Student: 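One structure, as structure tokens, below. Some questions next.
Basis for what follows: all heavy atoms, side chains included, without hydrogens, waters or symmetry-related copies. Chain naming here is simple, since letters A, B, ... match the order of the sequence lines and numbering starts at 1 in each.
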Amino acid sequence: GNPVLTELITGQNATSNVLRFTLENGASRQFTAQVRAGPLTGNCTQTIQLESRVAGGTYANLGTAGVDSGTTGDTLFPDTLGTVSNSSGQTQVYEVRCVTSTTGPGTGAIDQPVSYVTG
Amino acid sequence: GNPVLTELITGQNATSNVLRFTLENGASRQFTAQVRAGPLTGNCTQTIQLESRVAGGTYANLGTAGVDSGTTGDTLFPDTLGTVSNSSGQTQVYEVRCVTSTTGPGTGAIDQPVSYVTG
Amino acid sequence: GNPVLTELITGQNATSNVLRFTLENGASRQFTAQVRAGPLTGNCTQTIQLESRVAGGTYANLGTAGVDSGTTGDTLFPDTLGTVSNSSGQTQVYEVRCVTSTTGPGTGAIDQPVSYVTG
């Protein structure tokens, strides 16, 4: 009975808490994430990227990152999806986190109730 | 499916760890809490109150606080109930915590195995 | 509704994070753990032992420890089981952790993806 895991995305340039879970051989698990920032004070491009690894490994990109650009007064709202898979021959523990980053001079306040990663 | 969450109540005048969870639009979730303190060194009135908010918002009282009072040699044991509801139109992350407070000069040791908030 | 909990075993001489959970009166819950270390640099006996307590109490051994021993080049892989039981008369919060220890001069690298405690 593996539970659903949920963590907040707390910033435009931030790394989420780690979502840690066992996964059986031949199983897969899907994670989604989204972050809402605005209104922007200026030009801003927000990227949201899930990362995953086997425990103690090296984090690597999981799924294609969501990206969104806008200017003063806009609200960015990218989202992303990615699925961890185990075909190693045995049960293993995996770790997933969510990294957000921006380019541009502008910033936007996080709409916290809808900015999170879950799966 | 979303897991049951549990945190300890560790003091007579304390705020517990946060129980954090998604809630779908139109869903509701019930939490209970209880704290056992004693034997008292003197007169004491112990209040236990759940609070809730959308993530990053303002905490508000959730449910009617439990109250229990006693004197030297008594053991207090109030409990309380509360239900979080999402009718915002979309899935949102919510936060629940438990606040305990006392009036009076007396204090009582926390009986940790039965002092917690869960839901 | 209680979720499965999982924490890493990160060393040959280490104590895991705590697994914390409510348990109803008359209920039982089983935990398993295992640790994989190698190749050994020398003689080594690896023990893996679950411990449990009522919340805030004193930890005591839970189940029969797993034991495995080897020589240079060997990979040790002990595992263990243990069952927490509540016959107190009421729901209580319990805490479980996993302790690894070795005797001998040898050491072995932890194979982290399969070294964990879960239940």
Side-chain angles (χ1 to χ4, degrees), chain A residues 1-8 17-22 55 93 95, chain B residues 1-12 14-21 29-37 48 50 79-80 95-100 109-119, chain C residues 1-10 14-34 48-63 80-100 115-119:
Chain A
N2 253 3
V4 163
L5 309 172
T6 298
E7 299 287 346
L8 290 183
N17 285 346
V18 170
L19 293 73
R20 186 142 42 235
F21 52 96
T22 53
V93 178
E95 286 168 333
Chain B
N2 254 19
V4 166
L5 303 158
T6 297
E7 297 292 338
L8 294 166
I9 290 163
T10 73
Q12 295 198 264
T15 301
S16 75
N17 288 346
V18 173
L19 296 75
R20 187 164 303 116
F21 58 91
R29 188 160 167 169
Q30 183 174 74
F31 293 84
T32 74
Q34 59 189 56
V35 56
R36 202 182 177 247
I48 176 167
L50 296 160
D79 63 21
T80 189
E95 286 167 333
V96 165
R97 61 180 190 181
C98 190
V99 175
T100 45
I110 293 282
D111 190 0
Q112 198 57 87
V114 295
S115 307
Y116 55 87
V117 45
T118 194
Chain C
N2 251 17
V4 167
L5 306 155
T6 296
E7 298 286 341
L8 294 182
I9 305 312
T10 71
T15 309
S16 80
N17 286 348
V18 177
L19 294 70
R20 202 186 332 276
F21 55 96
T22 54
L23 202 54
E24 276 169 359
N25 184 49
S28 269
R29 184 163 174 176
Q30 195 183 73
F31 290 87
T32 64
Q34 82 281 311
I48 178 159
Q49 169 86 69
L50 290 158
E51 299 187 333
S52 70
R53 64 173 190 179
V54 289
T58 315
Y59 281 99
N61 287 349
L62 177 72
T80 182
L81 278 81
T83 296
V84 185
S85 267
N86 181 1
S87 56
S88 76
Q90 69 228 3
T91 292
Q92 306 192 317
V93 172
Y94 293 83
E95 283 162 349
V96 164
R97 58 178 202 194
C98 191
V99 176
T100 47
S115 302
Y116 59 85
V117 49
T118 194

Student: Does the side chain of C:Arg29 reach to within under 4.5 Å of the side chain of C:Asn2, using non-hydrogen atoms?
Tutor: yes

Student: Which heavy atom in C:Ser16 sits nearest to a heavy atom in C:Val117, and how many Å separate them?
Tutor: OG-CG1, 3.9 Å

Student: Is the shortest heavy-atom distance from the side chain of B:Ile9 to the side chain of B:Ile48 under 4.5 Å?
Tutor: yes

Student: Got a second to check how far C:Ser88's OG is from C:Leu23's CG, nearest 0.5 Å?
Tutor: 9.0 Å

Student: Please work out whether the ring planes of C:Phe31 and C:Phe21 are parallel, tilted or perpendicular, with thresholds of 30° and 60°.
Tutor: tilted

Student: Is there side-chain contact between B:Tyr116 and C:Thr91, with at least one heavy-atom pair below 4.5 Å?
Tutor: yes

Student: Between C:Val96 and C:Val84, is any pair of side-chain heavy atoms under 4.5 Å apart?
Tutor: yes

Student: Just by distance, with hydrogens left out, do C:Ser28 and C:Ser85 show a side-chain donor and acceptor under 3.5 Å apart?
Tutor: yes

Student: I'd like to know if the side chain of B:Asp79 and the backbone of B:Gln34 have a donor-acceptor N/O pair within less than 3.5 Å.
Tutor: no

Student: Just by distance, do the side chain of B:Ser115 and the backbone of B:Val35 share a donor-acceptor pair under 3.5 Å?
Tutor: no

Student: Give, for atom CD of C:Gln30 and atom OG1 of C:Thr83, the distance between the pair rounded to the nearest 0.5 Å.
Tutor: 4.0 Å

Student: Evaluate the side chain to side chain contact (heavy atoms under 4.5 Å, CB included) criterion for residues B:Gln112 and C:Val54: first the C-alpha distance (whole Å), next the side-chain angles of each, then the deciding distance (0.1 Å), finally the verdict.
Tutor: CA-CA 8 Å; B:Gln112 198 57 87; C:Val54 289; over 6 Å; no

Student: Got a sec, which residues hit salt bridge (charged side-chain N to carboxylate O under 4.0 Å, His left out) with A:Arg20, two or more places apart in sequence or on another chain?
Tutor: A:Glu95

Student: Do C:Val4 and C:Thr118 pass the side chain to side chain contact (heavy atoms under 4.5 Å, CB included) test, and can you show the C-alpha distance, the side-chain angles, and the key distance before you say yes or no?
Tutor: CA-CA 7 Å; C:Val4 167; C:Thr118 194; 3.7 Å; yes

Student: Any side-chain heavy-atom pair from B:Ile110 and B:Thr10 closer than 4.5 angstrom?
Tutor: no

Student: Let's go through C:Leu8 and A:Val93 carefully: what are the C-alpha distance in whole Å and the side-chain angles of both, what is the deciding distance for side chain to side chain contact (heavy atoms under 4.5 Å, CB included) to 0.1 Å, and is it a yes or a no?
Tutor: CA-CA 8 Å; C:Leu8 294 182; A:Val93 178; 3.8 Å; yes

Student: Check for a donor-acceptor pair, side chain of B:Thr6 on one end and backbone N or O of C:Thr22 on the other, with a separation under 3.5 Å.
Tutor: no

Student: Find out whether B:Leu50 and B:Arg97 are in side-chain contact, i.e. whether some heavy atom of one side chain is under 4.5 Å from a heavy atom of the other.
Tutor: no

Student: Is it true that the side chains of C:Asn17 and C:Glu7 contain a donor and an acceptor less than 3.5 Å apart?
Tutor: yes

Student: I'd like to know if the side chain of C:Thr100 reaches the main chain of C:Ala14, judged simply by a donor and an acceptor atom lying under 3.5 Å from each other, with no hydrogens or angles considered.
Tutor: yes

